[PDB]
Amino acid sequence: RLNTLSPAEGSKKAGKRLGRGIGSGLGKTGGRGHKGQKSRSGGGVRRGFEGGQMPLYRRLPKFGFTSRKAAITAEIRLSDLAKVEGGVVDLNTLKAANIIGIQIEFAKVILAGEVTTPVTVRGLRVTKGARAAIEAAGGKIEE
Amino acid sequence: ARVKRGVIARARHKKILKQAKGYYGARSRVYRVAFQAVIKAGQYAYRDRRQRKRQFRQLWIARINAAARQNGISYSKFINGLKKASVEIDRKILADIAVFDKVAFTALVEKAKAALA
Amino acid sequence: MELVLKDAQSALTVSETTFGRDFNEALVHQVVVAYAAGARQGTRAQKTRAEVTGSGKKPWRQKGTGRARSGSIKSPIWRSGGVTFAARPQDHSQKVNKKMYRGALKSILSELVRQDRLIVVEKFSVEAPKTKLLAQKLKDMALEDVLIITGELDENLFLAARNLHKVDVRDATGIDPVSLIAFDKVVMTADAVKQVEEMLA
Amino acid sequence: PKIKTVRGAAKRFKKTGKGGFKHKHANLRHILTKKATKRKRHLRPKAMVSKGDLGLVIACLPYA
Amino acid sequence: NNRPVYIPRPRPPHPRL
RNA sequence: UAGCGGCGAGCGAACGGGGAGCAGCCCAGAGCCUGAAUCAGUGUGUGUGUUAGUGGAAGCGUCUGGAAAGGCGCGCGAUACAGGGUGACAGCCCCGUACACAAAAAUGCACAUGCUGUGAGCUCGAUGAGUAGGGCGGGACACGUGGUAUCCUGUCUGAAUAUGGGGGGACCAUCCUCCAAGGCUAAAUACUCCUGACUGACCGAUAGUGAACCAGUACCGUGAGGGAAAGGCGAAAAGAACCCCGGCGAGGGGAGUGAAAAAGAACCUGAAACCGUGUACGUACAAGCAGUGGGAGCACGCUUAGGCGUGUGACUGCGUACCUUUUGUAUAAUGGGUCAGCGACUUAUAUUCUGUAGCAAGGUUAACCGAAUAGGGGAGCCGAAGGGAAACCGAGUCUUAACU
């Protein structure tokens, strides 16, 4: 059946071939117009170039700064909160659970919903939604 | 996968030269010149497909006019009688009748004259 | 479903999902194309104007001559040196998702069963490493283009089928979609089918 | 090689929920005595990038 | 079949100035 | 990504995580015990490899043909249908291949066993000074002197020494960590002038190395240096004895060889431009992109005796090449003497969008392992939650003392 296999319709387009004949449509520079920078080989202007006018990313001021604490913190969805180990949640073994990352040191719990089995969190932060969710489920909060 | 174009090129060139056969000088021997003639010949053929209809139309009108004058009536007057008499014979037939059947064409004008009168 | 035998007529149990799923034409084709591409080695390389032997000397000055402007004898539009886009040695292998690859095998296996190109039999072995024995054991079975997929590789069977070209012997691990489709018939063993079930899952 | 983000742009635009970019108005750096308090107050909050320049921005930093 | 190697300098043109 | 940067163009890590591969020791010193291990330099023996090789299965009959390996019919071997040659395409005609064997001699590697040289272990002690550091000038560090740590150096200075010293990105204190200024060290990695084997959705003589033919040759240049063109008769030379014209020629005509001599060495096929011969038609009173529409006559073929086909084309209507570039070209604007061959949107790696396929709040692995396009590997990346400069907050958030 090797000579019977065919691809799904619309899976292929055959690509566009430039400068091949008249009836192929896009010949004569293959749809890049007449003279200019765009018509030349290797032409074009770098990203953000505005014809010599001051680029937008140069007109606008720079502001803010990068916080390193933000890189080592993550938010844990309430959905996966019960997927770590039975019904106990702790800073340890989350990296083993692979839901935050080895480098992540801090951690917070966010309201994601769809939590049924009661769980216990130690050392985490459970603001208001997940706190109500687990308490209704039958969990507890301790530091 | 190197692709040679020797075979295809000759096939295309022969096809043009075949259509250019009969032309004068290099127009039938040289591809670079024969191609122009074939294209230009195509334009004229397309143009003449329409000019032919009008050339024959005017040729027929002249024949009908000559027959009408010979038989004593202008072409314009003759066409009026046929229109008034409701005769749908076209120019091609009227010219055909005039050349071959004189008696028939005489009958045409007599009714044309009658219709005008 | 139930896989009918021809010698023992012993019932076989196989997961319906992995042997009765519809035939995904598009998925099978993509896997086959991917397998064919992976077979290449892309062992091809040409030389651009930079790599062509010669010198950068201008054949003639750049003005006054009644000849076209030339920069070097290595230009692509010049005889004996060129190739504007010379090929490089590159790999044509295409990534195929594990689920997509597994899904294709399930589709092919289902199709072969439907077209009765797959036959399940008991152990298929040869007492001695002789091609005649294998040939006779297939002629009586009326098999000419067959794939002997066995649970475990056996040296006697392997040697017997090595000379034959229409007959090919492989293990369950060593199976590819292209070979399965190409071969007219495939005969499995009970152990081979069982191990196919579990690793497909 | 992977695309190189324009460092200048990365320090002036942040991605938002719906794919837009926010920036700071370019008139609140110096020469502020002559500027009316109303104008200064309006320039303080961040603003969304216009559609016309959005195409240029996304090209500059395609990774954010 | 060597292509002409030495091409002489073109004759100076008439001054159209 | 963090950072560096006329904060422009651009440059661009580390920490940490997953793999490949793993190995640690000596001197700055005395004593006790003394081949005490591990090495290096050389013998003998064992194993294996390299430098010559050997055996290696199995087909005949008919048809076409110059000749079969092909067609048709019936057989045989195969741990040998990988390849090459053989008068057209060979598993069974030959060389080989699978497979099983072989080295007098010279050598590589892995072991065992000797000789020579250097050398364990224990105790105690020591523990690298014009150095670290500093001032001035430069360099390397992703980090351009900037708040600039760290390393290196030209120049000028200059400690402590373990109750001591260095680093932890200005710096200080508290803590943590390490011990510079003396050396050696296999493997994981990089490359291929050269040799062997095998492979190719690589080329097939203007391609492929510049060079398929004694090519880096002829040739060019004082020299450094540059640098071509040129493959093919046939299965086998059987390469044309002999006769005739001709100048004891060239070249040709017969004969002869061959399946073929318009395969005759100027040799497979033999295209186009270009140059000729023959036949048919037109053309010496007629003006111009040379054609197209109409169309008489003539010369050849058909079936019918009416015309259709082919070639030519008197005469007549219309009609100022092509490309490029331009508001605009027959333009007296550019380009082309013609033919043949070659000649220009590709490739890699990222990102965005569209189509299609798989899976689905999940999706997918990279390196690497792997008798290996399978299967492992989930490090990591993307997504479901955003707001704010940030802390931080969280289906809310920021702004503000606070928001109708």
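As a basis for the values below, the full set of heavy atoms in this structure was taken, side chains included, without hydrogen atoms, waters or symmetry mates. Every chain is numbered from 1, with letters handed out A, B, ... down the list of sequences.
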Exercise for the section: Indicate, with a heavy-atom threshold strictly under 4.0 Å, whether E/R3 touches base, sugar-phosphate, or nothing. Expected result: nothing
Practice task
Determine: side-chain N/O of A/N98 to OP1/OP2 of F/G17, distance under 4.0 Å, yes or no.
Solution key: no
Fill in the blank from the handout: With B for base contact, S for sugar-phosphate-only contact and - for none (protein heavy atoms under 4.0 Å), nucleotides 288-293 of chain F reads -SSBBB
Exercise for the section: Classify the side chain of D/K4 versus the base of F/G12 as yes if they form a donor-acceptor pair under 3.5 Å and no if they do not. Expected result: yes
Practice task
Indicate, yes or no, whether a donor-acceptor pair under 3.5 Å links the base of F/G5 to the side chain of D/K11.
Solution key: yes
Handout entry: Donor-acceptor side-chain pairing of C/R49 and C/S72 below 3.5 angstrom
Key = yes
Handout entry: Stacking status of neighbours F/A361 and F/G362 at 5.5 Å and 30°
Key = no
Problem - Over 12 foreign heavy atoms within 6.0 Å of CZ, C/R21 - result: yes
Exercise for the section: Could you tell me whether A/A70 contacts a base, only the sugar-phosphate backbone, or nothing, with contacts defined as non-hydrogen atoms closer than 4.0 Å? Expected result: sugar-phosphate
Exercise for the section: Indicate yes if the six-membered rings of F/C213 and F/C214 are centred less than 5.5 Å apart and inclined by less than 30°, otherwise no. Expected result: no
Fill in the blank from the handout: Result for 5'-nearest mapping on RNA chain F, choosing between C/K130 and C/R21, is C/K130
Exercise for the section: Could you check whether C/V52 gets within reach of a base, just the sugar-phosphate, or nothing at all, counting any heavy atom under 4.0 Å? Expected result: sugar-phosphate
Exercise for the section: Indicate, with a heavy-atom threshold strictly under 4.0 Å, whether B/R54 touches base, sugar-phosphate, or nothing. Expected result: nothing
Practice task
Could you tell me the separation between the CD1 atom of C/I108 and the P atom of F/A374, rounded to a whole number of Å?
Solution key: 14 Å
Problem - Any strand: nucleotide that pairs with F/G70 via Watson-Crick or wobble, under 3.5 Å - result: F/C63
Handout entry: Stacking of F/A104 on F/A105, centroid gap under 5.5 Å, tilt under 30°
Key = yes
Exercise for the section: Name the orientation class of the two ring planes belonging to B/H13 and B/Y31 (parallel below 30°, tilted from 30 to 60°, perpendicular beyond 60°). Expected result: parallel
Exercise for the section: Report yes if a donor N or O on one partner sits less than 3.5 Å from an acceptor N or O on the other, where the partners are the side chain of A/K108 and the base of F/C393; otherwise report no. Expected result: no
Practice task
Look through every strand shown and name the nucleotide pairing with F/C369 as Watson-Crick or G-U wobble, where both distances are under 3.5 Å.
Solution key: F/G375
Practice task
Please confirm whether neighbouring nucleotides F/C89 and F/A90 meet the stacking test: six-membered ring centres under 5.5 angstrom apart, planes under 30 degrees.
Solution key: no
Exercise for the section: For E/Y6, answer base if it contacts any base atom (sugar-phosphate contacts may also be present), sugar-phosphate if it contacts only those atoms, and nothing otherwise; contact means non-hydrogen atoms under 4.0 Å. Expected result: nothing
Completion exercise
Whichever of D/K22 and A/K128 has the more 5' nearest nucleotide on RNA chain F, that residue is D/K22
Problem - Geometric cation-pi criterion, D/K2 with D/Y63: 6.0 Å, 45° - result: no
Practice task
Check whether the side chain of A/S67 and the base of F/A390 form a donor-acceptor pair under 3.5 Å.
Solution key: no
Practice task
Measure the distance from NZ on D/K2 to P on F/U349 and round it to the nearest whole Å.
Solution key: 14 Å
Practice task
Could you check which nucleotide pairs with F/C300 in any of the strands shown, counting Watson-Crick or G-U wobble with both distances under 3.5 Å?
Solution key: F/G309
Exercise for the section: Report, as yes or no, whether the 6.0 Å neighbourhood of atom NZ on C/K57 holds more than 12 heavy atoms from other residues, nucleotides or ligands. Expected result: no
Exercise for the section: Could you tell me whether the phosphate oxygens of F/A344, OP1 or OP2, come under 4.0 Å of any side-chain nitrogen or oxygen in C/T84? Expected result: yes
Practice task
Compare all side-chain heavy atoms of C/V33 with those of C/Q94 and state whether any distance is below 4.5 angstrom.
Solution key: yes
Practice task
Could you check which nucleotide pairs with F/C136 in any of the strands shown, counting Watson-Crick or G-U wobble with both distances under 3.5 Å?
Solution key: F/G154
Exercise for the section: Quick one: label B/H13 by what it contacts on the DNA or RNA (base, sugar-phosphate, nothing), any heavy atom closer than 4.0 Å. Expected result: sugar-phosphate
Exercise for the section: State, to the nearest 10°, the angle formed by the axis through the first five base pairs of the helix from F/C39-F/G117 to F/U51-F/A105 and the axis through its last five. Expected result: 10°
Completion exercise
As its Watson-Crick or G-U partner within any shown strand, both distances under 3.5 Å, F/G168 has F/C175
Problem - Close side-chain approach of D/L56 and A/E50, heavy atoms under 4.5 Å - result: yes
Problem - Within-4.5 Å side-chain heavy-atom neighbours: A/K95 and A/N98 - result: no
Problem - Pair partner, F/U346 [Watson-Crick or wobble, under 3.5 Å] - result: none
Practice task
Report yes if a donor N or O on one partner sits less than 3.5 Å from an acceptor N or O on the other, where the partners are the side chain of B/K53 and the base of F/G294; otherwise report no.
Solution key: no
Exercise for the section: Kindly point out which of F/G210, F/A207, F/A348 is positioned nearest to the side chain of C/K47? Expected result: F/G210
Completion exercise
Under a 3.5 Å limit on both distances, the Watson-Crick or wobble mate of F/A197 is none
Problem - F/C7 OP1/OP2 closer than 4.0 Å to side-chain N/O of D/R12 - result: no
Problem - Base F/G319 to side chain B/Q43, donor-acceptor N/O within 3.5 Å cut-off - result: no
Exercise for the section: Could you give the distance separating F/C308 and F/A261 at their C1' atoms, to the nearest angstrom? Expected result: 46 Å
Handout entry: Ring-ring stack between F/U157 and F/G158, thresholds 5.5 Å and 30°
Key = yes
Exercise for the section: Please confirm whether the backbone N or O of C/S179 pairs with a side-chain atom of C/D176, one donor and one acceptor, at under 3.5 Å? Expected result: yes
Fill in the blank from the handout: B/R2 has its side chain closest, among F/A9, F/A357, F/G204, to F/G204
Fill in the blank from the handout: Scanning all shown strands, the Watson-Crick or wobble mate of F/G270 with both distances under 3.5 Å is none
